[PDB]
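Next comes just one chain, in structure tokens: the form deposited in one PDB entry.
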């Protein structure tokens, strides 16, 4: 097994895990694979000569596998899924393609809502975020093919996006939903409605798994990363 080293964004002290959902996605994938790996945080503004040499372009996160440097989170994940494979490592790819797209617009709707400083658009952007979350809720309550005609009628009982196991689809979405919750609670008085039972059951099962909970940056780090844009709305 070649050396596996993930290089991620450092936080406010230039050392701890900082806000970065792409870094958390890859941290979750490696943890779920069961591979032996190392994580090195990078102060993007005070880089080491080693990091400056490995990745001169400045991209973060990045992965060192053996002697090669891999950039672009989507491509790093595709590589890891392919080279860390059965029988030694579990296959993490979702079986249902729709699991890879469910809720992916939530993060962009959140970004528009949190960066906005026009008071006349606050309600519209909040409605946009709520609607995107409802679509994810519909995916989570809709029975997957595995559950065909399987307890309430037409209501799914699975733990995660694609079934009862964490997949690459959850690795991408969960770090983004974590940021949405922490930032909106702190600066918008916003919480995901309790009526979205599919979303809350999913988050409940997800936070009970150390692969997600233990890869989260501290709340303070996320709040500090969004402080400037989120406080603009007066």
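Numbering follows the first chain given and starts at 1. In this text, rigid core is short for the largest set of C-alphas that superpose within 1.5 Å between two forms.
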property	result
Continuity check for residue 150 and residue 151, given as deposited residues lacking coordinates between them	1 to 3
Given 25-33 and 63-71, the range whose Cα B-factors average higher in the PDB entry	63-71
Segment of higher mean CA temperature factor, 50-58 or 183-191	50-58
Largest Cα B-factor, entry values, listed residues 87, 163, 128, 145	87
Residue of maximum C-alpha B factor among 155, 114, 108, 92, per deposited coordinates	155
Relative C-alpha B-factor of residue 17, binned into the chain's lowest, middle or highest third	middle
Third of chain Cα B-factors occupied by residue 83	highest
B-factor third for the C-alpha atom of residue 200 within its chain	middle
Modelled-residue ranking by C-alpha temperature factor, third containing residue 140	lowest
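Quick note: we don't show the form deposited in another entry, though the next part is all about it.
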| item | value |
| --- | --- |
| Core-fitted Cα difference of 2 Å or more between this form and the one not shown, single residue among 96, 71, 116, 141 | 71 |
| Threshold 2 Å Cα movement between this form and the one not shown at residue 191, rigid core reference | no |
| Residue shift check between this form and the one not shown, rigid core fit, residue 27 Cα at least 2 Å | no |
| Rigid core superposed: residue 204 CA moves 2 Å or more between this form and the one not shown | no |
| Cα-Cα shift for residue 93 and residue 63, closer or farther in that other deposited form, minimum 3 Å | farther |
| Closer or farther: C-alpha pair residue 111/residue 42 in that other deposited form, relative to this form, given a change of 3 Å or more | farther |
